[PDB]
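Here we start with a single chain on its own, the form deposited in one PDB entry, put down as structure tokens.
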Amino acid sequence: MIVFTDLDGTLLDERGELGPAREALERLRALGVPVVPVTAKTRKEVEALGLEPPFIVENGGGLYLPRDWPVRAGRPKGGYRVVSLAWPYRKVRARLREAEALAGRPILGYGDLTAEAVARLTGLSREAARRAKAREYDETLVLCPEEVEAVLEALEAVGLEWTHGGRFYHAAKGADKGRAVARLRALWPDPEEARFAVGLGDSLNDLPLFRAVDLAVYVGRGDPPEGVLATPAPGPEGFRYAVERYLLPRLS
């Protein structure tokens, strides 16, 4: 059993902390159950959280493995081995300029904004904003609500893909949480262990995650998507519930 889980609004609280998750998290670890972050966040953001590989960054664009991963894959990053699944950021940004020319109105993302602007926009510290701006694959977009429809069409027209992270739209090519989860499972040292996967998430960018797992759980704020399971309370308390009620019993 491997647990794949979103961070913001799933495992992390309203200020990116943990909440009751410590309880549940420490429990899974004690039982030897691998927990794998699958997030829209960047590697720098994941590192600042103290999280260790394997983890999946930027909506599936990068899959990070420990340096000594028993299954040889990806390229060395000094401490890691990286499996790049998506186009690099610079290519997404270039292609975004063409979407913008097509749309005939500004299309702004994180790459266009100062760390100060991103911090003000998100409520983050200046430092956290710099880490969110250090993107390798995926662009976070800051779109006008009424321009969204025209913008998404322009993205499609120029060969980009889009998703929604909970507050912001994202643009990328080849980044998909489920594709990254499938790749990691296929690279797992213990095939029997990987044969059963759990997925927890809260946003549109997590539908690909739910479809790639065997047991899917929605701890988001609204109604569960097609056929996925639910919890009494959202976020980290929904996470704790899922572990106690859905997971532990399946460990027999």
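The term rigid core refers to the most C-alpha atoms you can superpose between the two forms while keeping them within 1.5 Å. One rule holds for the numbers: they count along the sequence shown, beginning at 1.
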- Message: Using only C-alpha atoms and the B-factors in the entry, which stretch averages higher, 235 to 243 or 18 to 26?
- Response: 18 to 26
- Of 86 to 94 and 159 to 167, which one has the bigger average CA B-factor? 159 to 167
- Query: From 34, 61, 191, 53, pick the one with the largest CA B-factor in the entry?
  - Reply: 191
- Using the entry's values, work out which of 174, 104, 76, 111 has the largest Cα B factor. 76
- What third of its chain's C-alpha B-factors does residue 43 belong to: lowest, middle or highest? middle
- Query: With respect to C-alpha B-factor, does residue 121 fall in the lowest, middle or highest third of the chain as deposited?
  - Reply: middle
- Query: What third of its chain's C-alpha B-factors does residue 148 belong to: lowest, middle or highest?
  - Reply: lowest
- In terms of its chain's C-alpha B-factors, the third that includes residue 71 is the highest
- Task: Check where residue 133 lands among this chain's C-alpha B-factors and tell me if it's the lowest, middle or highest third.
- Result: lowest
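Below: the form deposited in another entry, not depicted.
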- Message: So, superposing on the core, is the move of residue 204 at the CA at least 2 angstroms between the shown form and the other one?
- Response: yes
